[PDB]
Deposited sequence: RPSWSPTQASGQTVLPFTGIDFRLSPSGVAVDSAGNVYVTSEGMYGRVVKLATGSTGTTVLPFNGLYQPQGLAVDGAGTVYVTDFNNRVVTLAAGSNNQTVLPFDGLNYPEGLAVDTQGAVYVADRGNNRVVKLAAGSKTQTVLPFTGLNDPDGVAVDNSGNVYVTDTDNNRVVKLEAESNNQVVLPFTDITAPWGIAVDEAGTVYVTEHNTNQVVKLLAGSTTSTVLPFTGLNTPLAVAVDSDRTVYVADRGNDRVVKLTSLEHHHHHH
C-alpha cells in the first residue's frame, strides 16, 4: 500500500473521483466550490467553471470526462486547452461517469434516479433500462458492454447484462450504501461504501465478495483499476489517494 504524492499545490486535494490512463497518469477531481481536475504524471488541467466535480473517466486516447453539480459533462482532449460540453439533457446532480471502448459516455444521473448514455458523436441521449434505482452514484462499463451501477439508497450493485438486457443484482456480501465502482478487464467489480471504510471486490461469477487489505482508510469515495490491476482509492477523509499494487502475475498485459 502506497500514498500517491499529490504535492506542489496550494489547495486542499478533496478527492471525489479517480482515474488512471494507459500510461499510469492518475487523474483526480478536487471537490470544492472552485473545482479542479488534478493530474499526477502534478498539474491542474485547464478545465473552466467546474463546480463540485464528481465522477471522471479517461479513455484510450487520453480524453478526460468530468461531471459536476452545474449538471453537465465536460471533456478535454489530450493536450487541449478548450473543453467541450457534451449534449446531455436534463441532468440533476450527476455523480459517477464511465466511458466504454466505443466511446459512449455513461452518467449516473443521481437526482433523476437513472443512468443516461450518449453514443460518441451523438446528440440525443438514451435512458438505460434499469429499474427501481434510488440515488445511484457510481457507474462502470466492462469490455463486453455490461453496465454496473451502485444503487446507493437500495444497498445494492446492479448489472445490466448486454446479452439478455436483463438487470441482475450482484452478490456482494452485506453491502451498505455503495458509492464508488470500477470494473477490470476480467470483469472483477470493485466497490466502496459510505458505511464501512472498506473497498470490496467480486470476481466475475463469484458468490462471495472479499475485502481488499487497505489500512488507513477514511471515507473512500472512488476507485479505479489500471491494466496491472492495481487499485486506486480516493480516500477523502485523509485528503489522499492510496494504491494497492496487484500481485506480480498481473503485470503482463497487451
>> If I number the deposited sequence starting at 1, which residue ranges have no C-alpha coordinates at all?
In response: 1 to 11, 53 to 57
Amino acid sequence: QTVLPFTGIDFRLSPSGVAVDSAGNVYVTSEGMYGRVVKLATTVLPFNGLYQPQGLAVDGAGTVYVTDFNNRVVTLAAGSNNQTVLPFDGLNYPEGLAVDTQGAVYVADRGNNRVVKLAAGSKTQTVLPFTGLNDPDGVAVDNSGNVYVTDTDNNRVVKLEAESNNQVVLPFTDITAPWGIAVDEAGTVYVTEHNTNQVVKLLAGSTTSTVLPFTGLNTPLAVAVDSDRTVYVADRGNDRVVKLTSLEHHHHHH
From here on, numbers count along this sequence of modelled residues.
>> I need to verify one thing: averaged over C-alpha atoms only, is the B-factor higher for 167 to 175 or for 137 to 145?
In response: 167 to 175
> As stated in the PDB record, which stretch has the larger average Cα B-factor, 85 to 93 or 107 to 115?
Replying inline: 85 to 93
> Hey, out of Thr192, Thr207, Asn70, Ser30, whose CA B-factor is highest in the deposited coordinates?
Replying inline: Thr207
>> Checking the record values for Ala222, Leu202, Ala57, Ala41, which has the greatest CA B factor?
In response: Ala41
>> Could you place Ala77 in the lowest, middle or highest third of its chain by Cα temperature factor, using the values in the record?
In response: highest
> Is the Cα B-factor recorded for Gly132 in the lowest, middle or highest third of its chain?
Replying inline: middle
>> Quick check for you: using the entry's CA B-factors within this chain, is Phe214 in the lowest, middle or highest third?
In response: middle
>> Can you tell me whether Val157 has a C-alpha B-factor in the lowest, middle or highest third compared with the other modelled residues of the same chain?
In response: lowest
> So where's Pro46 on the chain's Cα temperature factor ranking, which third?
Replying inline: highest
